[PDB]
Each structure stands twice: as C-alpha cells, then as structure tokens.
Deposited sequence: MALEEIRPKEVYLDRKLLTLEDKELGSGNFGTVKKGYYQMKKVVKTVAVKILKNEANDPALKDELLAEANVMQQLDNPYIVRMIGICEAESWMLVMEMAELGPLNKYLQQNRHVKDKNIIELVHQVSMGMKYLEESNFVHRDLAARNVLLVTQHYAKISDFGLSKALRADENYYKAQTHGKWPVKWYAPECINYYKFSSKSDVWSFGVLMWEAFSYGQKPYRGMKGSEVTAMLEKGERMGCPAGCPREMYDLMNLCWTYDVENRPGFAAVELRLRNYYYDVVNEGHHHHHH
C-alpha cells in the first residue's frame, strides 16, 4: 500500500487547507496510465490521525466513498486519493445557484448509499457535512475525510470519546460523547439542509451552546427557500432527538431511493 514518491507529481495550486496541513492536486503514474489525484500533505500526532484515516479508507470499497491510492513516506507524509474534481458540495452549490433541485435528491441519495455501506461496515464517520461530500461529476458525489471516523467494536453500536463540528452533531454526541451511525444520520440531515440551501451554513450566527439549547427546546432549522416537502420532512426525521427513534441509514436510504424515482 506504499507508493513511490518519484512516480508522483504535485501541482503548486493548493487545493485547500485544514489542520493536518494542505491538499494538492497531483498525478500518480499507475501501471500504464497516470491518475489525477488529490493529496493530503501533512505539515505533533496529526500523523496518527492521518494513518488512522488511511486505515479506514483502506477497508472501504464502495462507489460513493473516495478511493485512496496509497500513502507516501516522502518529504512529509502524504495521503493520496483519487481526484474528485468539482470539489466540496457546499462550495459548489455556493456558485451554482441555478442547479435543479431534482439533481440534489440524486446527490444526497448517493451520499446515503455510501453512508449505508458505512453503517453496515460498522464504521462511524463523525464528520458528515456537505463540505465532506466531494463531486466527481455534477451528478456523482462521494464522501471523504475519514479523519474522525472509527471502526465500531463488534460488541457495541457506538464509539465513546474521552474540537467539534457542533452544528453537525446529534444531542447525544454533545451530551454523552456517543457516536453511532444514528449520529451520522443526524448529521446527514444537516447535510441535506446545507445541500438544499445551495451551500448556506447551518445555524447562521449562532454559537454551539446556542444551537445546543435550540434543539433541546424542540426547535429545528426552518425550511430552505425552495426545498421540496418530503426532503424537509426527511430532515426532521433525521433530526429525531431520541437515538432509538431516529432512522438508520438502512431506513433513510430506503425512503430516499423511492422519492427520487417519482421525480
């Protein structure tokens, strides 16, 4: 699973940035052809997180999850993934306002199919958000950034923690530090919110502690100008306060599969 630095070229246009360091476009010389890749380049432990991300990515084989080519012990540590060229789903819709809405259903479904796969595989993402949905084509998205993910113990249905996208986290993650596919389901509702908001941030202006209060009050995000009906009704079901009543991806994909067909 290790790669030859010499076989890898990096364009200077940094693709983006995060705590680990930067991500650059690059090209990796394969058997015979070259592959366009996106490469996480690691700038005091971030390493372990990165290899954790690669470990997870290494066991995932599914059409709606970004594929990892390998790792490169080169100048810095590098995680090389197959390139999703259109990039993050939020930034994209932020400047493709006039994208149909029926196109979005098909997209969030794919997300849910990838997320089902992840549920069944008993892995929890823990950072599910539109920004982590990468576009291959305008009609093909994949889930990325498994830096927080965890493989679940065979004996439990949740991971328990000992810096958080609070606005994407379910109440139980915040109250008890408990992360399950159901928590990912909550996030998937915030993701759907974003998508159907053509990339608007959720809970605009609010602080985490204030988002936390609003949800406990039984309040949820308003419907985004233009969203269909069931899609908002799906969001609210995803945002079920009680874990055990909240639908799993098995369920949420199932409904998702249909609704689209009828559009």
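- Coordinate coverage of the deposited sequence breaks at 1 to 10, 54 to 58, 178 to 180, 282 to 291, these segments carrying no C-alpha atoms.
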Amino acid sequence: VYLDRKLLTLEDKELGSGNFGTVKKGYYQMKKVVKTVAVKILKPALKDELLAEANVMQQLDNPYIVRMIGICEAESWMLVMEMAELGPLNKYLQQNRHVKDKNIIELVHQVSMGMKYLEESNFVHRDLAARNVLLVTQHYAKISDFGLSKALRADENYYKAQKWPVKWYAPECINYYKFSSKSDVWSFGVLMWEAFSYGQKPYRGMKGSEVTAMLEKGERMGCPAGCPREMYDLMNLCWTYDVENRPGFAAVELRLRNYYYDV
From here on, numbers count along this sequence of modelled residues.
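Between two forms, the rigid core is defined as the largest C-alpha subset superposing within 1.5 Å.
- Between stretches 73 to 81 and 181 to 189, greater average Cα displacement in 9 other deposited structures of this protein relative to the shown form, fitted by the core, falls on 73 to 81.
- In the record comparison, residue 220 is modelled in each of the other entries of this protein that model the residues flanking it, with no third of them omitting it.
- Compared against other deposited entries of this protein, residue 47 counts as consistently modelled, with coordinates in all of those that resolve the residues around it and thus below the third mark.
- As recorded in the PDB entry, 95 to 103 is the stretch of 108 to 116 and 95 to 103 with the greater mean C-alpha temperature factor.
- Higher average CA B factor: 70 to 78, of the stretches 70 to 78 and 83 to 91.
- The residue among 35, 201, 207, 220 whose C-alpha atom has the highest B-factor in the PDB entry is 207.
- Ranking 235, 42, 65, 54 by Cα temperature factor from the entry places 42 first.
- In this PDB entry, residue 255 carries a Cα temperature factor that places it within the highest third of its chain's modelled residues.
- Among the modelled residues of the chain, residue 174 sits in the middle third by CA temperature factor in this PDB entry.
- Per the PDB record, residue ranking by Cα B-factor puts residue 224 in the highest third of the chain.
- In the PDB entry, residue 239 places in the lowest third of its chain by CA B-factor.
- Among the modelled residues of the chain, residue 163 sits in the highest third by CA temperature factor in this PDB entry.
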